[PDB]
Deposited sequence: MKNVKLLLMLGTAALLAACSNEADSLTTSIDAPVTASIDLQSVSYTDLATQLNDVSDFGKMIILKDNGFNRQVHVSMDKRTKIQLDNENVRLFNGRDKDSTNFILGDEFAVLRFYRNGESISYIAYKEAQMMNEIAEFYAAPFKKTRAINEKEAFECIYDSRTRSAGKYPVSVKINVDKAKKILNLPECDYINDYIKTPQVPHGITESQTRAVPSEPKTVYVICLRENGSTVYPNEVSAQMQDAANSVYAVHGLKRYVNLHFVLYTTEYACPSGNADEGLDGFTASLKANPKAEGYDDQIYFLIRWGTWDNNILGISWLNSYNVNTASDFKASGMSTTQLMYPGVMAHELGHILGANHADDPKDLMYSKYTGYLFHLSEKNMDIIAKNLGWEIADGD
């Protein structure tokens, strides 16, 4: 048996799909290669999280913790994200030639303002060298997000006061995890990109499961569709008030008032604000009245914003450690470190310390 491999110098949608679709319930060793770079990862299907984007099914895959590697697969796109030298790198491949060209143009465009000779380390269109004809269209893009911000001299977005505090409202580990829907609603007039949205959802889900063995208690089911609602101004607080009001006012949403809701967009709000949520608004026993709602950017350059806002929804406050997901400034980290926050989030999902981790 020769070990399955993915050549990142030529990685296409069909490469990722064929390899990931071969992953069984017992997992599969896959070698990631990039010229001299070589990493063996053990990949498994993520059975905890379901995603539909406008009814399109998206599957997630995980490496081991030591592998530092995540995958996303839809019919239309696939993503490999992993870390090298402590920097997050995404390979993004769309199946359809025209969509892939469009996506490559979209990601390339911001780098045409200013050019560096190290640009390739931040952003690269990947071409199929196996087509010795010499592929004209790229088959994927590679983006090093940490490096990309440095070249782009981005205007730095942040949280500021990104939550609003509201009045406050036998038990064992459940026989099956409780399904909690996270209903993500594409803001009227927003374009969001499937690879970007699913990456936010994956990081949000994984931030929960990493805490107190919470997969025992909850399995998150993300769905995305479009809402007629759009924020009336640039202000995040006013936007969130209107969004929650839009849910309550919609006869279509009657009977789903106990789920979690995000208004999503690609852009940000006034004061370069990344998102906003109602603090401590979801509890598995008392969830009601569309209280568990928030708003989030989904752009690639700000990974973990949805995770951070979901953190607030589940009760997490800002943490003191700059490496915490819940730090008060955006720092790109994707896990809760605060024991106080972990206990709050876990309790709201049905855990108590006697259950262990």
ask   = What gaps appear when the modelled C-alpha atoms are mapped onto the deposited sequence?
value = 1 to 32, 202 to 209
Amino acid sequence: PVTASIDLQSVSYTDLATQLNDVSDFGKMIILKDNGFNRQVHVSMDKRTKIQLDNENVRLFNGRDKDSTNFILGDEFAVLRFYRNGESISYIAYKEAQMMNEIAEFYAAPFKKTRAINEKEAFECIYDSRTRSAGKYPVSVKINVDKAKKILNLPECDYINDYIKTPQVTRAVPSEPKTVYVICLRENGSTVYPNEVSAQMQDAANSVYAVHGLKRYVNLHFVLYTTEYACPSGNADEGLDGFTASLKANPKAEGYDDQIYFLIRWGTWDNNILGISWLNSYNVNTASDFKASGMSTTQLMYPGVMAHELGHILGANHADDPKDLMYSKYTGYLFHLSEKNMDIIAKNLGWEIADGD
From here on, numbers count along this sequence of modelled residues.
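Think of the rigid core as the biggest set of C-alphas that the two forms share within 1.5 Å after superposition.
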key: Stretch with larger C-alpha RMS deviation in 5 other deposited structures of this protein, core superposed, 306 to 314 versus 29 to 37   = 29 to 37
ask   = Which stretch is less alike in 5 other deposited structures of this protein, 200 to 208 or 82 to 90, counting RMS CA distance after the rigid core is superposed?
value = 82 to 90
ask   = Are coordinates for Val169 absent from at least a third of the other PDB entries that model its neighbours?
value = yes
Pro110 unmodelled in at least a third of other compared entries = no
task = Taking the mean of the C-alpha B-factors per stretch from the entry, tell me the winner out of 191 to 199 and 246 to 254.
result = 246 to 254
task = Give the stretch, out of 261 to 269 and 85 to 93, with the larger mean C-alpha temperature factor in the deposited entry.
result = 85 to 93
note = For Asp25, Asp15, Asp22, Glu339, the deposited C-alpha B-factor is largest at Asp25
Highest recorded Cα temperature factor - choice among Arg216, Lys120, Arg186, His212 = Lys120
task = Pull the Cα B-factor of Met29 out of the PDB entry and bin it into the chain's lowest, middle or highest third.
result = highest
inquiry  = Among the modelled residues of this chain, does the Cα B factor of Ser328 put it in the lowest, middle or highest third?
reply    = middle
remark   = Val41: C-alpha B-factor third of its chain, per the entry, is the highest
message = Could you place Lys47 in the lowest, middle or highest third of its chain by Cα temperature factor, using the values in the record?
response = middle
query = According to the PDB entry, is the CA B factor of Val139 in the bottom, middle or top third of its chain, that is, lowest, middle or highest?
reply = middle
